[PDB]
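A single chain, nothing else alongside it, follows as structure tokens in the form deposited in one PDB entry.
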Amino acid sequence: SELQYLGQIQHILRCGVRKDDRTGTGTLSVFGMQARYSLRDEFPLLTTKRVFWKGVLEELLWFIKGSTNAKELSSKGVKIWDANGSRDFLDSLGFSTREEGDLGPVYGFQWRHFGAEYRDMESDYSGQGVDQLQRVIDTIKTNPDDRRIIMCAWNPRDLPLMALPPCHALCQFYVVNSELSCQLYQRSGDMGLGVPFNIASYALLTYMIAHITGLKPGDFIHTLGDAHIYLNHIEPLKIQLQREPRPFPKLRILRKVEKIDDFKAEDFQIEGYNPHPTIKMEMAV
């Protein structure tokens, strides 16, 4: 099922159109793609290249905790957001009053406190805003046939206060035959760098919510808007494209957890992940 991501890479290289972007780099773009990754007895952690699974696990716990402080995640070993929370990148977009790591109201804030008035990254928002994450878990428990199980991060009101507007803007859940499925709408997909990271992130999120609600993981539908391949990624991706995929690993939950907040990093174990060598690709800031 990894061939779907590879088939999207090969289709952008062969049929994608050249298109400029905000960064000083260049892209080959295709608008509108959809792939289905099965979560049943396998976890879609890519094997054609080693994916930062510790980054995937620590960033999601950072989202669930509602933290918007980049130093909070960077103190765990995952420095993927320090570029968007640095003084050089923040001061270029008019954000001159931030302390250290103030991305603004981003994925963590919108998941737990949607609509609340964002002060800074250290302020308390308990009881403020809409808790989309906990409301989604409550709806799955009480009314699984509901078609409104949605957690949205795209907030036009808080949009100008974010260092980078949300890429995974909207995700919806779906229950049938005790199988929890998840579809993510990604408005902008860095096919070389972020997309493998984002697929594993929301696949893990489905496993956590399926563990709490007592359901089995079903499918993860990855819907893309602007799916692009940066020009400085063509050679590293052509090397990844020649690699033969290996079977997906498995994700094991080591203890029964009742609440979404009680998940710790030690509760997860990836079993049987044998990927090809890492392929470091430059980020476009």
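Rigid core here is just the name for the largest C-alpha set that superposes within 1.5 Å across the two forms. All residue numbers refer to positions in the sequence shown, first residue = 1.
Modelled in this chain, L93 is nonetheless unresolved in at least one third of the other entries of the protein that span it on both sides.
Missing-residue comparison: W81 falls in the unmodelled set for a third or more of the other PDB entries checked. Higher mean CA temperature factor between 110-118 and 72-80: 72-80, per the PDB entry.
As the entry records it, the average C-alpha temperature factor is higher for 86-94, out of 130-138 and 86-94. Reading the B-factor column for the CA atoms of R36, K250, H233, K259 in the entry, the top value corresponds to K259. The PDB entry assigns the greatest CA B-factor among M191, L205, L180, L161 to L161. In this PDB entry, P166 carries a Cα temperature factor that places it within the middle third of its chain's modelled residues. Ranked by Cα temperature factor within the chain, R50 sits in the middle third according to the deposited record.
Per-chain ranking of the deposited C-alpha B factor places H228 in the lowest third. Looking at the C-alpha B-factors along this chain, the one for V195 belongs to the lowest third. When all modelled residues of the chain are sorted by CA temperature factor, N143 is found within the middle third.
Omitted here: the form solved in complex with a partner chain. The next part is about that form.
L164 is the sole member of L193, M208, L164, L215 with a non-hydrogen atom lying within 4.5 angstroms of its partner chain in the deposited bound form. Among residues of the shown chain, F114 is one whose heavy atoms approach its partner chain to within 4.5 Å in the deposited bound form. Note: rigid core superposed between this form and the one not shown; among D138, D120, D146, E179, the CA shift is 2 Å or more only at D120. After superposing the rigid core, the Cα of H211 is displaced by less than 2 Å between this form and the one not shown. Relative to the superposed rigid core, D158 undergoes a CA displacement of at least 2 Å between this form and the one not shown. A displacement of 2 angstroms or greater separates the C-alpha positions of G24 between this form and the one not shown, with the rigid core held in common.
Note: the CA-CA distance for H168 and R50 expands in the deposited bound form relative to this form, by 3 angstroms or more.
The gap between the Cα atoms of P156 and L193 is smaller in the deposited bound form, by no less than 3 Å, than in this form.
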